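*Asks:* The following file, target.csv, comprises CSV, C-alpha atoms:
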chain,number,residue,atom,x,y,z
A,7,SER,CA,0.0,0.0,0.0
A,8,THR,CA,2.2,2.9,1.4
A,9,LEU,CA,5.9,2.6,2.4
A,10,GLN,CA,6.3,3.2,6.2
A,11,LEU,CA,9.0,5.8,7.2
A,12,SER,CA,9.2,4.5,10.9
A,13,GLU,CA,10.7,1.1,9.8
A,14,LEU,CA,13.4,2.9,7.7
A,15,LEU,CA,14.2,5.4,10.5
A,16,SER,CA,15.3,2.4,12.8
A,17,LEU,CA,17.9,1.4,10.1
A,18,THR,CA,21.4,2.8,9.6
A,19,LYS,CA,22.2,5.0,6.6
A,20,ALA,CA,23.9,1.9,4.9
A,21,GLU,CA,20.8,-0.3,5.6
A,22,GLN,CA,18.5,2.4,4.2
A,23,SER,CA,20.5,2.5,0.9
A,24,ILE,CA,20.2,-1.3,0.6
A,25,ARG,CA,16.5,-1.3,1.4
A,26,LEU,CA,15.9,1.5,-1.2
A,27,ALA,CA,18.4,0.1,-3.9
A,28,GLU,CA,15.9,-1.7,-6.2
A,29,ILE,CA,13.2,1.0,-6.0
A,30,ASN,CA,15.8,3.7,-6.9
A,31,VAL,CA,16.8,1.7,-10.1
A,32,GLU,CA,13.1,1.3,-11.0
A,33,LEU,CA,12.4,5.1,-10.4
A,34,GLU,CA,15.5,6.1,-12.7
A,35,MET,CA,13.6,4.4,-15.6
A,36,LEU,CA,10.5,6.5,-15.0
A,37,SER,CA,9.8,10.1,-16.2
A,38,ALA,CA,9.8,13.0,-13.6
A,39,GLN,CA,6.0,12.9,-13.9
A,40,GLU,CA,5.8,9.2,-13.2
A,41,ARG,CA,8.3,9.6,-10.3
A,42,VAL,CA,6.1,12.3,-8.6
A,43,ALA,CA,3.0,10.2,-9.2
A,44,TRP,CA,4.8,7.1,-7.6
A,45,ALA,CA,5.8,9.3,-4.6
A,46,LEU,CA,2.2,10.6,-4.0
A,47,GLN,CA,0.7,7.1,-4.2
A,48,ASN,CA,3.4,5.1,-2.3
A,49,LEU,CA,5.2,7.3,0.2
A,50,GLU,CA,3.6,8.4,3.5
A,51,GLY,CA,2.1,11.9,3.8
A,52,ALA,CA,1.9,14.7,4.2
A,53,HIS,CA,3.7,15.6,0.9
A,54,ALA,CA,5.3,19.1,0.5
A,55,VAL,CA,7.7,20.8,-2.0
A,56,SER,CA,10.2,23.4,-0.9
A,57,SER,CA,11.3,26.3,-3.2
A,58,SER,CA,13.7,29.2,-2.9
A,59,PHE,CA,12.0,30.7,-6.0
A,60,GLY,CA,15.4,30.9,-7.7
A,61,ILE,CA,16.3,30.9,-11.4
A,62,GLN,CA,14.7,27.5,-12.4
A,63,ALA,CA,12.0,27.3,-9.6
A,64,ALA,CA,9.0,27.2,-12.0
A,65,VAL,CA,10.0,23.6,-13.1
A,66,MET,CA,9.4,21.8,-9.7
A,67,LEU,CA,6.4,24.1,-8.8
A,68,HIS,CA,4.6,23.3,-12.1
A,69,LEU,CA,5.6,19.6,-12.1
A,70,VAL,CA,4.3,18.8,-8.6
A,71,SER,CA,1.3,21.2,-8.4
A,72,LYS,CA,-0.1,19.7,-11.7
A,73,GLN,CA,-0.3,16.3,-9.8
A,74,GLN,CA,-1.4,17.7,-6.4
A,75,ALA,CA,-3.0,21.2,-6.8
A,76,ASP,CA,-3.1,22.0,-3.1
A,77,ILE,CA,0.4,20.6,-2.2
A,78,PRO,CA,2.0,22.8,0.4
A,79,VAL,CA,4.9,24.9,-1.0
A,80,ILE,CA,7.3,25.7,1.8
A,81,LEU,CA,9.1,29.1,1.5
A,82,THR,CA,11.6,30.2,4.1
A,83,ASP,CA,11.7,34.0,3.8
A,84,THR,CA,15.1,35.2,5.1
A,85,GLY,CA,13.8,38.8,4.9
A,86,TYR,CA,16.6,39.6,2.4
A,87,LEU,CA,15.5,38.0,-0.9
A,88,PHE,CA,15.8,40.2,-4.0
A,89,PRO,CA,12.8,42.4,-4.8
A,90,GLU,CA,12.6,40.5,-8.1
A,91,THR,CA,12.4,37.2,-6.1
A,92,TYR,CA,9.4,38.5,-4.0
A,93,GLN,CA,7.8,39.6,-7.3
A,94,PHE,CA,8.5,36.1,-8.8
A,95,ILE,CA,7.0,34.4,-5.6
A,96,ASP,CA,3.8,36.5,-6.1
A,97,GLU,CA,3.7,35.8,-9.9
A,98,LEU,CA,4.0,32.0,-9.6
A,99,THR,CA,1.7,31.8,-6.5
A,100,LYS,CA,-1.0,33.4,-8.7
A,101,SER,CA,-0.2,31.8,-12.1
A,102,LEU,CA,0.2,28.2,-10.7
A,103,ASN,CA,-2.4,28.8,-7.9
A,104,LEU,CA,0.1,27.6,-5.2
A,105,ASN,CA,-0.6,26.6,-1.6
A,106,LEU,CA,2.2,28.9,-0.3
A,107,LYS,CA,3.3,28.3,3.3
A,108,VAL,CA,5.7,31.0,4.5
A,109,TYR,CA,8.2,30.4,7.4
A,110,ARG,CA,10.7,32.9,8.9
A,111,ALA,CA,12.5,33.7,12.2
A,112,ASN,CA,10.5,35.0,15.2
A,113,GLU,CA,12.6,38.3,14.8
A,114,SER,CA,12.4,40.5,11.7
A,115,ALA,CA,15.4,41.6,9.7
A,116,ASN,CA,15.5,45.0,11.5
A,117,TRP,CA,15.1,43.3,14.9
A,118,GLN,CA,18.1,40.9,14.0
A,119,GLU,CA,20.3,43.8,12.9
A,120,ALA,CA,19.3,45.8,16.1
A,121,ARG,CA,20.3,42.7,18.3
A,122,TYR,CA,23.4,41.3,16.4
A,123,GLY,CA,24.5,43.8,13.8
A,124,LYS,CA,24.9,42.4,10.2
A,125,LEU,CA,25.6,38.7,10.9
A,126,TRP,CA,26.8,38.0,7.3
A,127,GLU,CA,29.7,40.5,7.9
A,128,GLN,CA,30.8,38.7,11.1
A,129,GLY,CA,32.8,35.7,9.7
A,130,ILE,CA,32.1,31.9,10.2
A,131,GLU,CA,30.1,32.3,13.5
A,132,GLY,CA,28.0,35.2,12.0
A,133,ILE,CA,27.1,33.3,8.7
A,134,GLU,CA,26.4,30.1,10.8
A,135,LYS,CA,24.0,31.9,13.2
A,136,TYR,CA,22.4,33.8,10.2
A,137,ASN,CA,21.8,30.4,8.4
A,138,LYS,CA,20.4,28.7,11.5
A,139,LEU,CA,18.1,31.6,12.4
A,140,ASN,CA,16.8,32.4,8.8
A,141,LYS,CA,17.0,29.0,6.9
A,142,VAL,CA,17.5,25.9,9.0
A,143,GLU,CA,15.1,26.5,12.0
A,144,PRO,CA,12.3,27.9,9.8
A,145,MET,CA,12.5,24.8,7.5
A,146,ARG,CA,12.7,22.3,10.4
A,147,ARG,CA,9.6,24.0,12.0
A,148,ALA,CA,7.7,24.0,8.6
A,149,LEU,CA,8.3,20.2,8.2
A,150,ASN,CA,7.0,19.6,11.8
A,151,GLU,CA,3.9,21.9,11.6
A,152,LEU,CA,2.9,20.7,8.1
A,153,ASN,CA,3.3,17.0,9.3
A,154,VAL,CA,5.6,16.3,6.3
A,155,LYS,CA,6.9,12.7,5.7
A,156,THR,CA,7.7,13.2,2.0
A,157,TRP,CA,9.8,16.2,0.9
A,158,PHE,CA,10.0,17.1,-2.8
A,159,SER,CA,13.1,19.1,-3.9
A,160,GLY,CA,14.5,20.2,-7.3
A,161,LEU,CA,18.1,19.3,-6.6
A,162,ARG,CA,20.0,18.0,-9.7
A,163,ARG,CA,23.2,15.9,-10.1
A,164,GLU,CA,24.4,18.4,-12.8
A,165,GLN,CA,24.4,21.3,-10.2
A,166,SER,CA,27.8,20.2,-8.6
A,167,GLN,CA,30.4,17.4,-8.2
A,168,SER,CA,29.1,17.0,-4.6
A,169,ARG,CA,25.6,16.2,-6.0
A,170,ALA,CA,26.8,13.8,-8.8
A,171,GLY,CA,25.5,10.7,-7.0
A,172,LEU,CA,22.2,12.0,-5.4
A,173,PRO,CA,19.6,9.2,-5.4
A,174,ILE,CA,15.9,9.9,-6.4
A,175,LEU,CA,14.8,8.5,-3.0
A,176,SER,CA,16.6,8.6,0.3
A,177,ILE,CA,15.9,9.6,4.0
A,178,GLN,CA,17.2,13.0,5.3
A,179,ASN,CA,16.2,14.8,8.6
A,180,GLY,CA,13.6,12.2,9.4
A,181,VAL,CA,11.6,12.4,6.1
A,182,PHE,CA,11.7,10.8,2.6
A,183,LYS,CA,13.8,13.2,0.4
A,184,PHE,CA,12.4,12.8,-3.2
A,185,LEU,CA,14.2,14.4,-6.2
A,186,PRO,CA,12.1,13.8,-9.3
A,187,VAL,CA,14.3,15.8,-11.7
A,188,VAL,CA,17.6,14.7,-10.2
A,189,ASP,CA,18.9,13.4,-13.6
A,190,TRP,CA,17.7,16.4,-15.6
A,191,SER,CA,20.3,18.6,-17.6
A,192,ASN,CA,20.1,22.4,-17.9
A,193,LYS,CA,18.8,21.8,-21.4
A,194,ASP,CA,16.0,19.5,-20.1
A,195,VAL,CA,15.0,22.4,-17.7
A,196,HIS,CA,15.0,25.0,-20.5
A,197,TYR,CA,12.9,22.7,-22.8
A,198,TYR,CA,10.3,22.1,-19.9
A,199,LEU,CA,9.9,25.9,-19.2
A,200,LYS,CA,9.3,26.7,-22.9
A,201,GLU,CA,7.1,23.6,-23.3
A,202,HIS,CA,4.7,24.8,-20.6
A,203,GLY,CA,5.1,28.6,-21.2
A,204,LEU,CA,6.9,29.1,-17.8
A,205,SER,CA,9.4,31.9,-17.1
A,206,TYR,CA,12.9,31.9,-15.6
A,207,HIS,CA,13.4,34.2,-12.5
A,208,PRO,CA,13.3,37.9,-13.8
A,209,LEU,CA,17.1,38.4,-12.9
A,210,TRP,CA,18.2,35.6,-15.2
A,211,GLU,CA,17.9,38.1,-18.2
A,212,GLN,CA,20.0,40.6,-16.1
A,213,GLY,CA,23.0,38.2,-15.8
A,214,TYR,CA,22.3,36.6,-12.4
A,215,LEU,CA,23.4,32.9,-12.7
A,216,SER,CA,21.7,32.4,-9.3
A,217,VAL,CA,19.9,34.4,-6.7
A,218,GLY,CA,19.7,34.3,-2.9
A,219,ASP,CA,20.0,37.1,-0.3
A,220,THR,CA,20.8,40.7,-1.6
A,221,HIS,CA,23.8,40.8,0.9
A,222,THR,CA,25.4,37.4,0.0
A,223,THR,CA,24.6,36.6,-3.7
A,224,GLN,CA,27.8,36.7,-5.8
A,225,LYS,CA,28.4,39.8,-8.0
A,226,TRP,CA,28.1,37.8,-11.3
A,227,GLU,CA,29.1,40.9,-13.5
A,228,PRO,CA,30.9,44.2,-13.3
A,229,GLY,CA,28.6,47.0,-12.1
A,230,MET,CA,26.8,44.7,-9.6
Could you render the structure from this file as structure tokens?

*Replies:*
Amino acid sequence: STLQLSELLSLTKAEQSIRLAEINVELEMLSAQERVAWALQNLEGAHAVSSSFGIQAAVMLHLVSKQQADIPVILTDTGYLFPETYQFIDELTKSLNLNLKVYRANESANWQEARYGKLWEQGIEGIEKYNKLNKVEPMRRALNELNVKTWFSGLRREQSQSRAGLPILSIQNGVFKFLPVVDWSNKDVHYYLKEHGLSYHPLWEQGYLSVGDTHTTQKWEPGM
């Protein structure tokens, strides 16, 4: 019927890889659409997709919302996303009719600066505290409050050497981690966006290879 997470959580990471070995080979042979369908039918709920609403965010949001219209979309608002990212979040929430769930620190950006100064300018300890306060704790709380057991993410092996071996299905932070486009190339992403009339993030046209916080995103070109 539905694969139970509690049995896999009592196994070591190695035992989990063995238990999910056959399924992973079977999922590789399916399309991203068949993989999401398989996850919605066979993995324990609740199901949720997270998105930073970056350059290629419309692919995962369209892919999963077309199979579960009311699937929760987890956004962790750091309070420092680019203005164009906030505009893109509003545009896709309306165009794809997304069930947007917003999570953030208990303290606003101005409260954090009043208490700590600018954490991103205070070395290793500053960046670590900033990430825990504005990315890690809000995501951990979202998974808990939304009762998530299956977590959809748009990670792809082609994004970096460190992600070259990512499996479609694994266990991370107590939930099933499902990556339906893990084997997609940058070309596959472009084809999908054009195929469904979806847009890239507005700053892609302005030379941003990626987007995050206004204070930490790399200065991709001179003049930035």

*Asks:* Point out the residue among A:140, A:62, A:191, A:112 with the least atom-to-atom distance to residue 125 (chain A), counting all atoms listed in the file.

*Replies:* A:140

*Asks:* Take CA of residue 18 (chain A) and CA of residue 181 (chain A) and report the distance between them in Å, one decimal.

*Replies:*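 Separation between CA of residue 18 (chain A) and CA of residue 181 (chain A): 14.2 Å.
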
*Asks:* From the options A:51, A:137, A:123, A:227, which residue's atoms come nearest to residue 149 (chain A), counting only C-alpha atoms?

*Replies:*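 So, comparing all the options, the nearest one is A:51.
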
*Asks:* Taking into account only C-alpha atoms, which residue in the set A:193, A:124, A:163, A:169 is nearest to residue 222 (chain A)?

*Replies:*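 Checking each candidate against residue 222 (chain A), we get A:124 as the closest.
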
*Asks:* I'd like to know which of A:197, A:184, A:157, A:214 is closest to residue 54 (chain A), using all atoms listed in the file.

*Replies:*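 Checking each of A:197, A:184, A:157, A:214 against residue 54 (chain A), counting all atoms listed in the file, the winner is A:157.
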
*Asks:* Determine, counting all atoms listed in the file, which protein, DNA and RNA residues have an atom within 12 Å of an atom of residue 73 (chain A); residues of the same chain fewer than 6 positions away are not included. Present the result as a list in words.

*Replies:*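 Within the cut-off, the hits are residues 38, 39, 40, 41, 42, 43, 44, 45, 46, 47, 53, 66, 67 and 102 of chain A.
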
*Asks:* Those selected residues, please, written with C-alpha atoms and delivered as a PDB file, keeping the file's coordinate frame.

*Replies:*
ATOM      1  CA  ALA A  38       9.800  13.000 -13.600  1.00  0.00           C
ATOM      2  CA  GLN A  39       6.000  12.900 -13.900  1.00  0.00           C
ATOM      3  CA  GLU A  40       5.800   9.200 -13.200  1.00  0.00           C
ATOM      4  CA  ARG A  41       8.300   9.600 -10.300  1.00  0.00           C
ATOM      5  CA  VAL A  42       6.100  12.300  -8.600  1.00  0.00           C
ATOM      6  CA  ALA A  43       3.000  10.200  -9.200  1.00  0.00           C
ATOM      7  CA  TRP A  44       4.800   7.100  -7.600  1.00  0.00           C
ATOM      8  CA  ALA A  45       5.800   9.300  -4.600  1.00  0.00           C
ATOM      9  CA  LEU A  46       2.200  10.600  -4.000  1.00  0.00           C
ATOM     10  CA  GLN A  47       0.700   7.100  -4.200  1.00  0.00           C
ATOM     11  CA  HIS A  53       3.700  15.600   0.900  1.00  0.00           C
ATOM     12  CA  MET A  66       9.400  21.800  -9.700  1.00  0.00           C
ATOM     13  CA  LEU A  67       6.400  24.100  -8.800  1.00  0.00           C
ATOM     14  CA  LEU A 102       0.200  28.200 -10.700  1.00  0.00           C
TER      15      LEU A 102
END

*Asks:* Choose the residue, out of A:9, A:130, A:108, A:188, that has the smallest atom-to-atom separation from residue 49 (chain A); count all atoms listed in the file.

*Replies:*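 Nearest candidate to residue 49 (chain A) out of A:9, A:130, A:108, A:188: A:9.
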
*Asks:* Identify which of the residues A:111, A:74, A:94, A:166 lies closest to residue 210 (chain A), counting all atoms listed in the file when measuring atom-to-atom distances.

*Replies:* A:94

*Asks:* To one decimal place, how far is CA of residue 80 (chain A) from CA of residue 156 (chain A) in Å?

*Replies:*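 Rounded to one decimal, the two atoms are 12.5 Å apart.
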
*Asks:* Please provide as a list in words all residues within 10 Å of residue 78 (chain A), with the sequence filter that same-chain residues fewer than 4 positions apart are discarded (counting only C-alpha atoms).

*Replies:*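 My reading of the contact set: residues 52, 53, 54, 55, 56, 71, 74, 104, 105, 106, 107, 108, 152 and 154 of chain A.
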
*Asks:* Fewer than 5 positions away in the same chain doesn't count, so skip those; otherwise give me all residues within 10 Å of residue 221 (chain A), counting only C-alpha atoms, as a list in words.

*Replies:*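 Surrounding residues, per the criterion: residues 86, 87, 88, 124, 126 and 127 of chain A.
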
*Asks:* Do a neighbour search on residue 177 (chain A) at 12 Å with only C-alpha atoms, toss out local chain neighbours closer than 5 positions, and write the hits as a PyMOL selection string.

*Replies:* chain A and resi 10-23+25-26+49+155-158+172+182-185

*Asks:* Work out how far CA of residue 57 (chain A) is from CA of residue 159 (chain A), in Å to one decimal.

*Replies:* 7.5 Å

*Asks:* Missing atoms in region 142-164 of chain A: can you complete it with N, CA, C and O atoms, as a PDB file, in the coordinates of the input?

*Replies:*
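Here's the written file part08.pdb:
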ATOM      1  N   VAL A 142      17.627  27.234   8.405  1.00  0.00           N
ATOM      2  CA  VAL A 142      17.500  25.900   9.000  1.00  0.00           C
ATOM      3  C   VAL A 142      16.319  25.786   9.993  1.00  0.00           C
ATOM      4  O   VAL A 142      15.474  24.890   9.796  1.00  0.00           O
ATOM      5  N   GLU A 143      16.241  26.655  10.998  1.00  0.00           N
ATOM      6  CA  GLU A 143      15.100  26.500  12.000  1.00  0.00           C
ATOM      7  C   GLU A 143      13.777  26.693  11.341  1.00  0.00           C
ATOM      8  O   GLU A 143      12.847  25.959  11.667  1.00  0.00           O
ATOM      9  N   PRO A 144      13.560  27.704  10.462  1.00  0.00           N
ATOM     10  CA  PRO A 144      12.300  27.900   9.800  1.00  0.00           C
ATOM     11  C   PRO A 144      11.839  26.630   8.985  1.00  0.00           C
ATOM     12  O   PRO A 144      10.662  26.269   9.038  1.00  0.00           O
ATOM     13  N   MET A 145      12.797  25.994   8.310  1.00  0.00           N
ATOM     14  CA  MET A 145      12.500  24.800   7.500  1.00  0.00           C
ATOM     15  C   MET A 145      12.164  23.620   8.420  1.00  0.00           C
ATOM     16  O   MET A 145      11.190  22.901   8.128  1.00  0.00           O
ATOM     17  N   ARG A 146      12.954  23.432   9.482  1.00  0.00           N
ATOM     18  CA  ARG A 146      12.700  22.300  10.400  1.00  0.00           C
ATOM     19  C   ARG A 146      11.274  22.512  11.041  1.00  0.00           C
ATOM     20  O   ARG A 146      10.550  21.511  11.160  1.00  0.00           O
ATOM     21  N   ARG A 147      10.895  23.749  11.366  1.00  0.00           N
ATOM     22  CA  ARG A 147       9.600  24.000  12.000  1.00  0.00           C
ATOM     23  C   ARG A 147       8.467  23.809  10.939  1.00  0.00           C
ATOM     24  O   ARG A 147       7.400  23.258  11.302  1.00  0.00           O
ATOM     25  N   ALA A 148       8.703  24.206   9.694  1.00  0.00           N
ATOM     26  CA  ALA A 148       7.700  24.000   8.600  1.00  0.00           C
ATOM     27  C   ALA A 148       7.420  22.489   8.439  1.00  0.00           C
ATOM     28  O   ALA A 148       6.226  22.111   8.345  1.00  0.00           O
ATOM     29  N   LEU A 149       8.468  21.660   8.387  1.00  0.00           N
ATOM     30  CA  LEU A 149       8.300  20.200   8.200  1.00  0.00           C
ATOM     31  C   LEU A 149       7.462  19.627   9.376  1.00  0.00           C
ATOM     32  O   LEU A 149       6.603  18.748   9.157  1.00  0.00           O
ATOM     33  N   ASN A 150       7.739  20.123  10.583  1.00  0.00           N
ATOM     34  CA  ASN A 150       7.000  19.600  11.800  1.00  0.00           C
ATOM     35  C   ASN A 150       5.571  20.061  11.776  1.00  0.00           C
ATOM     36  O   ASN A 150       4.695  19.171  11.899  1.00  0.00           O
ATOM     37  N   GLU A 151       5.315  21.358  11.586  1.00  0.00           N
ATOM     38  CA  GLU A 151       3.900  21.900  11.600  1.00  0.00           C
ATOM     39  C   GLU A 151       3.080  21.422  10.471  1.00  0.00           C
ATOM     40  O   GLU A 151       1.867  21.298  10.671  1.00  0.00           O
ATOM     41  N   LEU A 152       3.684  21.158   9.313  1.00  0.00           N
ATOM     42  CA  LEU A 152       2.900  20.700   8.100  1.00  0.00           C
ATOM     43  C   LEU A 152       2.836  19.149   8.124  1.00  0.00           C
ATOM     44  O   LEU A 152       2.292  18.604   7.146  1.00  0.00           O
ATOM     45  N   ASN A 153       3.394  18.479   9.148  1.00  0.00           N
ATOM     46  CA  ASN A 153       3.300  17.000   9.300  1.00  0.00           C
ATOM     47  C   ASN A 153       3.903  16.294   8.061  1.00  0.00           C
ATOM     48  O   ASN A 153       3.386  15.234   7.653  1.00  0.00           O
ATOM     49  N   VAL A 154       4.979  16.854   7.524  1.00  0.00           N
ATOM     50  CA  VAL A 154       5.600  16.300   6.300  1.00  0.00           C
ATOM     51  C   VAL A 154       6.379  15.039   6.536  1.00  0.00           C
ATOM     52  O   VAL A 154       7.228  15.023   7.460  1.00  0.00           O
ATOM     53  N   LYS A 155       6.120  14.018   5.712  1.00  0.00           N
ATOM     54  CA  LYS A 155       6.900  12.700   5.700  1.00  0.00           C
ATOM     55  C   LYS A 155       7.556  12.555   4.367  1.00  0.00           C
ATOM     56  O   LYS A 155       8.515  11.762   4.290  1.00  0.00           O
ATOM     57  N   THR A 156       7.072  13.253   3.334  1.00  0.00           N
ATOM     58  CA  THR A 156       7.700  13.200   2.000  1.00  0.00           C
ATOM     59  C   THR A 156       8.005  14.607   1.520  1.00  0.00           C
ATOM     60  O   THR A 156       7.068  15.421   1.358  1.00  0.00           O
ATOM     61  N   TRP A 157       9.279  14.853   1.269  1.00  0.00           N
ATOM     62  CA  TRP A 157       9.800  16.200   0.900  1.00  0.00           C
ATOM     63  C   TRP A 157      10.323  16.190  -0.514  1.00  0.00           C
ATOM     64  O   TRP A 157      11.321  15.483  -0.776  1.00  0.00           O
ATOM     65  N   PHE A 158       9.633  16.916  -1.394  1.00  0.00           N
ATOM     66  CA  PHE A 158      10.000  17.100  -2.800  1.00  0.00           C
ATOM     67  C   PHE A 158      11.023  18.221  -2.938  1.00  0.00           C
ATOM     68  O   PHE A 158      10.726  19.316  -2.385  1.00  0.00           O
ATOM     69  N   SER A 159      12.136  17.999  -3.640  1.00  0.00           N
ATOM     70  CA  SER A 159      13.100  19.100  -3.900  1.00  0.00           C
ATOM     71  C   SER A 159      13.634  18.996  -5.337  1.00  0.00           C
ATOM     72  O   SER A 159      13.667  17.880  -5.890  1.00  0.00           O
ATOM     73  N   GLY A 160      13.995  20.153  -5.917  1.00  0.00           N
ATOM     74  CA  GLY A 160      14.500  20.200  -7.300  1.00  0.00           C
ATOM     75  C   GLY A 160      15.975  20.074  -7.464  1.00  0.00           C
ATOM     76  O   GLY A 160      16.481  20.471  -8.525  1.00  0.00           O
ATOM     77  N   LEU A 161      16.664  19.496  -6.476  1.00  0.00           N
ATOM     78  CA  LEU A 161      18.100  19.300  -6.600  1.00  0.00           C
ATOM     79  C   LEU A 161      18.419  18.420  -7.845  1.00  0.00           C
ATOM     80  O   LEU A 161      17.633  17.473  -8.129  1.00  0.00           O
ATOM     81  N   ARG A 162      19.533  18.723  -8.524  1.00  0.00           N
ATOM     82  CA  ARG A 162      20.000  18.000  -9.700  1.00  0.00           C
ATOM     83  C   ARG A 162      21.438  17.611  -9.632  1.00  0.00           C
ATOM     84  O   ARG A 162      22.234  18.440  -9.120  1.00  0.00           O
ATOM     85  N   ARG A 163      21.783  16.409 -10.088  1.00  0.00           N
ATOM     86  CA  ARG A 163      23.200  15.900 -10.100  1.00  0.00           C
ATOM     87  C   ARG A 163      24.124  16.854 -10.829  1.00  0.00           C
ATOM     88  O   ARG A 163      25.290  17.014 -10.406  1.00  0.00           O
ATOM     89  N   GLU A 164      23.633  17.444 -11.914  1.00  0.00           N
ATOM     90  CA  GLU A 164      24.400  18.400 -12.800  1.00  0.00           C
ATOM     91  C   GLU A 164      24.764  19.681 -12.068  1.00  0.00           C
ATOM     92  O   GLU A 164      25.601  20.430 -12.607  1.00  0.00           O
TER      93      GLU A 164
END
